[PDB]
Amino acid sequence: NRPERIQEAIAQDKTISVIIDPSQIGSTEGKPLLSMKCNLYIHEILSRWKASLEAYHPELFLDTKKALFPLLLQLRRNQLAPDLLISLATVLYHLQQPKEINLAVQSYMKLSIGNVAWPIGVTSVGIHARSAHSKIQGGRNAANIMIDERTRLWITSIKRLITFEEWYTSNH
Amino acid sequence: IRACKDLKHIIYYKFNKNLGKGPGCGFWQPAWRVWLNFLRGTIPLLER
Amino acid sequence: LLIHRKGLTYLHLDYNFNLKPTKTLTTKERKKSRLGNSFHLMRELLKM
Amino acid sequence: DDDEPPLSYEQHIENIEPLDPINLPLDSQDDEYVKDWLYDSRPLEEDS
Amino acid sequence: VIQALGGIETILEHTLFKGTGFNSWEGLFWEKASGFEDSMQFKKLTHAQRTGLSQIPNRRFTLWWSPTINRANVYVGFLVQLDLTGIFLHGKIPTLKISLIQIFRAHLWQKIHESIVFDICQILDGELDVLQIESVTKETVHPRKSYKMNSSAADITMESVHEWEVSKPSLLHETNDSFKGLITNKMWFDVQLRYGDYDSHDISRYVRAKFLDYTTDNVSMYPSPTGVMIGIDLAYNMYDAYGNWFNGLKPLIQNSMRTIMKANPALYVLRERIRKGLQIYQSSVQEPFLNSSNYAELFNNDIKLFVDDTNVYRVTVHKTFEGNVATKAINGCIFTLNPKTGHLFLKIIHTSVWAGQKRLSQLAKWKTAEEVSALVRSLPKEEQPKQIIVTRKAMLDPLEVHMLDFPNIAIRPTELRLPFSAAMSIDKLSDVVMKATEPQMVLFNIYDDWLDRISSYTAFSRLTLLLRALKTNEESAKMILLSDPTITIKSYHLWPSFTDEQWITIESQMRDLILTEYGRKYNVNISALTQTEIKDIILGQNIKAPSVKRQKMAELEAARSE
Amino acid sequence: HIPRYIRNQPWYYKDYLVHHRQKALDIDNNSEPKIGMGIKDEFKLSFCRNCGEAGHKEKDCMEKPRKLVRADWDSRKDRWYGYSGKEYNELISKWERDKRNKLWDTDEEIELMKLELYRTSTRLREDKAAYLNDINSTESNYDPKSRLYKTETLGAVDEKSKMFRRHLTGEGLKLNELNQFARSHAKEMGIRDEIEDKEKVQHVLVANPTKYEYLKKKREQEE
Amino acid sequence: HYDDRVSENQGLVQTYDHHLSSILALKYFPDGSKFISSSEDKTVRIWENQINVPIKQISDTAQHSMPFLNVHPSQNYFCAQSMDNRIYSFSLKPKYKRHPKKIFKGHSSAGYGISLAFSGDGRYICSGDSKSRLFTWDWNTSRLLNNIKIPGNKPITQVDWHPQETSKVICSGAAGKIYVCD
RNA sequence: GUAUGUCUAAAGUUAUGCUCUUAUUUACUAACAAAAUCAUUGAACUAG
Ligand SMILES: O=P(O)(O)O[C@H]1[C@H](OP(=O)(O)O)[C@@H](OP(=O)(O)O)[C@H](OP(=O)(O)O)[C@@H](OP(=O)(O)O)[C@H]1OP(=O)(O)O
Ligand SMILES: [Zn+2]
């Protein structure tokens, strides 16, 4: 029974709170709960954007939800890889604090680009070829923003959410 | 290579007398002989 | 087999007998993989 | 292609029916003495 | 002799002239008095380095005549394909090879192919209802497909909502195709790039040959035997297409190929690189650089970013075991600043970026462009900058290549010599950069909280004074900033928490330090200068630039007015 | 300037360079991208002892012994010269013959409900390049070099210098007006221009930003 | 470099990697702004706290590797035990040049990591010896004033001078027992 | 910028006057460095 299980899931979703904790971020055993909590906080932000749609970029809301859909789906399924969840959770954590928007944006830059030496890489930038250049070509060693277009879509939607949270917290 | 170019010239102008330009001349026997004779002398050189 | 016995795994022989490096070679790799006329002439004959 | 490995004769060639060769149509009467064997691989090899 | 050779027309047919996109043969002014080798002949160079300088002009000469030097009609010559390009060399000609490598460097051939493919995709994406297209799919072709010259694959495939009445294969400009008969539900597009030569440059026969060869080939590649083969000849600036057409598709491809060939920025990069390889130049600037006369545009509502590479590659010198001194790379940073909001995206360039690399002065420019591209891709479309201000000429070409993926972002040079290099004089920024242990992006507001009290242009001018002062004399500028120990520099801040009344005195001290040191260094009497000349000194306007002339007239006309 | 040996015209001839304007390549408008030149696979049209036909000897006869012709390097090398659809018709017949011979999973449904719904390349597909909107026109708004997309909303052409100037918006107008304010203040305080006054440095906007902003903020209440 | 307050990466806040061989000794400046390092690579390097950039490099053709480092009580110079059976001294101020005259000689230390110490007032310098002795030199003239024989007949690698007593010194080594000299 | 050389450090366990502070002079070394007259042009380029 699809509607019965759906309503039960929408009900069970309310049994846990959205407040993230810095020690929970990175816990291997707590990973499913943190993943669900992240999904729920994203839905909270989306609900406030829905509540203010006619005042803040209505045309972008639909695309943002359609782009965040795969992320939310993977978070519900706990399928999101540990590194990506740790980064995302750090973003949402800073986003929940009283005035840490810049820390949220720094954590977002860590989520999108990260610590890789060559986020995108460069190929044969000059006429003097060397074996070492093969390393800096990127490819599989690229940043999270380069994994696939679906990942870029949801990651930049998270950035758009940070921008909305900044606007909202400042006006209200 | 020069011998084959020369053979093509004499062959094509015999072959194409009332046909004009374009593919279709398959008389490969003379150039084939040229390469067989090349191998005859290349054999001991490459063996060494 | 000759290429691989010499340790030149960074040189790939195509099925049309072209020989190309699969990566940018160091000067030592370039010097060591400098195959001579006997190998190249044999390869061109195999290509023909 | 340089990347295409050589075809397996018994799997891809041996079973296909060969196409017609270049055989100029010989006349039944003007070529009576040659028609039956001109295009053999070794003409008259079995004729003692 | 020009007449004997058949005139200018016939002579230029042997050259790469058509590929330069240069307007007229009349403007063909070769810069016979300047070049890299002319800058180098005076320097301390070894005998090997001096003998190697003659290769440069020989490379230019070879490139100019390259369509003839690499012509197809040769007595003998096994075809060797030039790495990462679809160019075939009919013989081993090192000087030509290296000049072509210089033109197609940074994987430009693949970028051109993808750029054109994306342009066609983006056009088709808007014609869904007009042309009855159900969907358009940009195919996941092999990474080397753009220069796989003996076989291909579809670059784009489109599914119809119902089905299309497609004509027989025909050329792009062929008139009156019969749409009756053949009917198909799936069509494909294949963009083929070629580099013609003096003998082989008929793009129409080329596209037909490619279409017929690849569709009849026994290879499993195209999803249907029906589509359009688009061909562009990069050496001759020529294009054509061949394939099946349906009602409305042919006019669309004619118009779009004309526009893509004229406007696409990757093809423009190719043309400019050819011109650079030839040392021919034309005054084709449509919008003026950022100047002291138009810098108010920085504060326009459009999102814009300053990019500064000066601190990307940094080295410390130490004595070697052999007795020489060796340069060792240390942590650097890319200064990316939004002048409107003050958001500084300080990308820390950790030393691990350079591990095992040589020619770092060159590689650092590409690193800067690569990080800028990563930052832009990290921003959603509505937040991406509308224009990027390049503070140094060395960054133009790399960034222009990396921004081919963002064709809507304008690249703007500047006539200013903004003091952003002095950003590493700010103690907090130096500390963060030097203590970093890995590649990282750190965000700061370079205006701290000034924006609650003053306008963005005021904050930018204050920042400019502080940075130019630190650049002029770091110790005395620091002495001015720290003159009062009570005004604590807060955390999450870069400058002391002065009030605006105090800021006026600080700005006066910085202003005087800058102007007095300039007047002393150049023996210029600051009191005699005009208001605009003083502005040009603080902003660092290039005095040689035409904007100074035009601004002088824009004020002397008022001196005529009244 | 053009060198004398180009400008001078050979006696047999007699634009100032008309002898060099004969101009496929167009040396006068070489910037225009050229469409392909089209394909033209054109064709043209003693008694022999063996076949009776005159014009050739026995050895040259194309009939067995007894008792249209083709009209540039690319034209000569084109392996498809004279093609008339045969190979493509065969391919199409083969393909036509083979053509004739032949849900959410709760997780997706719950997320779609809560949302009210129903390596890789760096370029963004949805980010349509601005010049792609002009395909149905002859004029070009996009500068391929700077990637600037000109519009009347963004700016306007000066025509005197052919340059394009971005209009000022928001704080840009404020700065332009503050610039005018300081410039008037210079004439007002008498420092002016022709006079080599030391006080001049005190009245330059960029050199005294906060001062002039607050000064305008003060005077604005008095206007 | 670790900061036990940081839990991230177990507190590893910085890595210095310019040395080419096994690190021999480490010694902070009395104010903790900079620290000195010595290595089997035959070089001595000075570092700013948490910055992976050596502000100074000390190396010479005749300079042997320095298995031990210590700072003089005045904070103006630091001393290094060297494998050439000598003790060198270096300025602690910018450019940190080697002191041409303050060289202490007499003992044996090659092949042993023998520590050196300074008297509480900085008037003397002392060091162990590979032949079971304790040498002591005048800090001003570098003249060897005494060489006390320590029981056990084993290398005396450990030596330390009491920070408040006028003359009590402790030493030990392969013999195991710890001895006090006065 | 090369040629080219060197390094890579647990475990995969073999039995018992003369100096110092510091402000300069001079030499050597640095593929470190886009340096303001003589509608924007040395510009990514040089090695035994
Ligand atoms: O260059 P051309 O004077 O026009 O002669 C060509 C040329 O032959 P040669 O240059 O060797 O004399 C062609 O050879 P390639 O350029 O391809 O090497 C050959 O065509 P083939 O490829 O079949 O050899 C062709 O022969 P055809 O008569 O079929 O056009 C022949 O033309 P002509 O000798 O008749 O002038
Ligand atoms: Zn006849």
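Lettering follows sequence order; numbering is per chain, from 1.
Neighbouring nucleotides H/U26 and H/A27 have six-membered base rings whose centres lie under 5.5 Å apart with planes under 30° to each other, which meets the stacking criterion. Stacking between H/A9 and H/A10 does not hold, since their six-membered rings do not have both centres below 5.5 angstrom apart and planes below 30 degrees. Under the 5.5 Å centre and 30° plane thresholds, the six-membered base rings of H/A36 and H/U37 are judged not to be stacked.
In this structure, CD of E/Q49 is placed 12 Å from P of H/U2, rounded to the nearest angstrom. Note: NE2 (G/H19) to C1' (H/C7) measures 15 Å, nearest angstrom. Between the CD1 atom of E/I280 and the P atom of H/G42 there is a distance of 16 Å, given to the nearest Å. Separating the NZ atom of E/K393 from the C1' atom of H/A33 is a distance of 16 Å, rounded to the nearest angstrom. In this structure, the OH atom of E/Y518 is 14 Å from the P atom of H/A35, given to the nearest Å. The nearest whole Å value for the distance from the CH2 atom in G/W139 to the P atom in H/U19 is 15 Å. Counting to the nearest Å, the P atom of H/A35 and the OH atom of E/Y522 are 11 Å from each other. The interatomic distance linking E/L45 (CG) with H/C45 (P) rounds to 17 Å, in whole Å.
The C1' atoms of H/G42 and H/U46 are separated by 13 Å, rounded to the nearest whole Å. When the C1' atom is used for both H/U6 and H/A15, the distance is 38 Å, rounded to whole Å. Separation of the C1' atoms belonging to H/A33 and H/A44 is 15 Å when rounded to the nearest angstrom. As rounded to the nearest Å, H/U2 and H/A30 have P atoms that lie 16 Å from one another. Between H/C18 and H/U25, the distance separating the two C1' atoms is 23 Å to the nearest Å. When the P atom is compared between H/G17 and H/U26, the two are found 27 Å apart, to the nearest whole Å.
Here the closest non-hydrogen pair linking E/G19 and E/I274 is O-CD1, 3.8 Å. For the residue pair G/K101 and G/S142, the shortest heavy atom distance occurs at O-OG, 4.0 Å.
The shortest distance between the side-chain N/O atoms of E/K276 and the OP1/OP2 oxygens of H/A44 is below 4.0 Å. Between E/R550 and H/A39, a side-chain N or O to OP1/OP2 separation shorter than 4.0 Å is present. Distances shown here put every side-chain N or O of E/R273 at or beyond 4.0 Å from the OP1 or OP2 atom of H/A44. Within the structure, a side-chain polar atom (N or O) of E/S361 is placed less than 4.0 Å from OP1 or OP2 of H/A33. For H/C20, neither phosphate oxygen OP1 nor OP2 lies less than 4.0 angstrom from any side-chain nitrogen or oxygen of G/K102. For the OP1/OP2 pair of H/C20 and a distance below 4.0 Å, the side-chain nitrogens and oxygens of G/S91 include no atom meeting the criterion. Taking only side-chain nitrogens and oxygens, C/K31 comes nearer than 4.0 Å to OP1 or OP2 of H/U4. Within the structure, a side-chain polar atom (N or O) of E/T327 is placed less than 4.0 Å from OP1 or OP2 of H/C32. Here E/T316 does not reach the OP1 or OP2 of H/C32: none of its side-chain N or O atoms lies under 4.0 Å away. A close approach under 4.0 Å does not occur between any side-chain nitrogen or oxygen of G/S21 and OP1 or OP2 of H/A9. Contact between the side-chain N/O atoms of E/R417 and the OP1/OP2 oxygens of H/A34 is not found at any separation under 4.0 Å. Checking the phosphate oxygens (OP1, OP2) of H/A43, no side-chain nitrogen or oxygen of E/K365 falls inside 4.0 Å. Close to H/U46, at under 4.0 Å from its OP1 or OP2, lies a side-chain N or O of A/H128.
No side-chain N or O of E/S293 forms a donor-acceptor pair with one of E/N291 less than 3.5 Å apart. A donor atom on one side chain and an acceptor atom on the other are not found under 3.5 Å apart for E/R412 and E/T414. For the residue pair G/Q57/G/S59, the side-chain donor-acceptor check at 3.5 Å is satisfied.
Projected onto RNA chain H by closest heavy-atom contact, C/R30 and F/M163 fall at different nucleotides, the more 5' of which corresponds to C/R30. When each of E/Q286 and E/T310 is assigned the nucleotide of RNA chain H bearing its nearest heavy atom, the one mapping closer to the 5' terminus is E/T310.
Judged by the sign of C1'-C2'-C3'-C4', the furanose ring of H/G12 adopts a south, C2'-endo-like conformation. A positive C1'-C2'-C3'-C4' dihedral is found for the sugar of H/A30, placing it in the north range. Nucleotide H/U13 carries a south sugar pucker, as its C1'-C2'-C3'-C4' torsion angle is negative. The furanose ring of H/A23 falls on the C3'-endo (north) side of the pseudorotation cycle, as its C1'-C2'-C3'-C4' torsion is above zero. Pucker annotation for H/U21 reads north, on the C3'-endo side, since its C1'-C2'-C3'-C4' dihedral is above zero.
As judged by a 4.0 angstrom heavy-atom cut-off over every strand, E/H47 is placed among residues making no nucleic acid contact. Counting any heavy atom pair closer than 4.0 Å across all strands shown, E/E31 reaches no nucleic acid atom. Within the 4.0 angstrom heavy-atom criterion, no nucleotide atom of any strand lies near E/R50. G/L20 comes within 4.0 angstrom of a base, heavy atoms only. Within 4.0 Å (heavy atoms only), G/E40 reaches no atom of the nucleic acid at all. Residue E/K549 is classed as having no contact, given no heavy-atom separation below 4.0 Å to the nucleic acid. Across all strands shown, F/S161 has heavy atoms under 4.0 Å from base atoms, whether or not it also approaches the sugar-phosphate. Heavy atoms of E/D38 sit nowhere under 4.0 angstrom from any nucleic acid atom. Among the protein residues, E/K44 comes within range of the sugar-phosphate backbone only, with heavy atoms under 4.0 Å from sugar or phosphate atoms but none that close to a base. Note on E/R359: a base of the nucleic acid sits closer than 4.0 angstrom, heavy atoms only. As judged by a 4.0 angstrom heavy-atom cut-off over every strand, F/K162 is placed among residues making no nucleic acid contact.
To the nearest 0.5 Å, the span separating CG on E/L418 from NZ on E/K471 amounts to 10.5 Å.
With ring centers used as reference points, E/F420 lies under 6.0 Å from E/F335. Ring to ring, E/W366 and A/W118 are not that close: their centroids are 6.0 angstrom or more apart.
The base of H/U46 lies outside donor-acceptor range of the side chain of E/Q55, with no N or O pair under 3.5 Å.
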>> Walk me through whether G/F90 and G/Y96 qualify under ring pair (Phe, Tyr, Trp, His ring centres under 6.0 Å).
In response: CA-CA 6 Å; G/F90 306 88; G/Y96 317 91; 9.9 Å; no
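Classification of C/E29 and C/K32 as a salt-bridged pair fails, no side-chain N sitting under 4.0 Å from a carboxylate O. Salt-bridge check for E/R60 with E/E37: passed, with a basic side-chain N closer than 4.0 Å to an acidic carboxylate O.
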> Under a cut-off of 3.5 Å for both distances of each Watson-Crick or G-U pair, what dot-bracket string does RNA chain H give, using [ ] for crossing pairs and | for inter-strand pairs?
Replying inline: ................................................
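Its glycosidic angle being within 90° of 0, H/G42 falls on the syn side.
In this pair, G/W139 and G/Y77 present their aromatic rings tilted. The plane angle is within the 30 to 60° band.
By the 5.5 Å and 30° criteria, E/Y313 is not stacked with the base of H/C32.
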